[PDB]
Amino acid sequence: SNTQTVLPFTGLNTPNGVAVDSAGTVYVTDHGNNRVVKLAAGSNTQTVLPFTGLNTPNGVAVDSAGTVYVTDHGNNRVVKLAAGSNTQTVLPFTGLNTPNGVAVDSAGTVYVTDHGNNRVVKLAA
């Protein structure tokens, strides 16, 4: 296609990260509003995810289990949110300084760009 569409998210401010799962559900780090929002394919209502203690999200990824991974700018950490239980787990990375991008491979290994430390770190689940 040569013509984009705009997704019907609302009230975004400086969004900075996006991920999409197998059902076509789109996840966005709404940076300026310190929240993570998702929109199912073909929906008008967006859903704010129950991340807690977030201090400005920088990036997002989603795995095959529907687990959502988010880099937290102000807390220098990476968190994941389990589907269903909505349990939030802080990944035991250490020495991060402004994690930004996050990615997850098929084996569940988590990769993070450590922006303040000029390095890339990975951590198996």
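Quick note: we count residues from 1 along the sequence shown, nothing fancier.
Set 37-45 against 67-75 and average the Cα temperature factors; 37-45 ends up higher. Looking at 27-35 and 78-86 together, the entry lists the larger mean B-factor for 78-86, computed on C-alpha atoms. When the modelled residues of the chain are ordered by their C-alpha B factor, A107 lands in the highest third. Split the chain's modelled residues into thirds by C-alpha temperature factor. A61 is in the lowest one.
For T10, the recorded CA B-factor ranks within the highest third of the chain. Only modelled residues enter the ranking. Remark: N117 belongs to the middle third of its chain, ranked by C-alpha B-factor as recorded.
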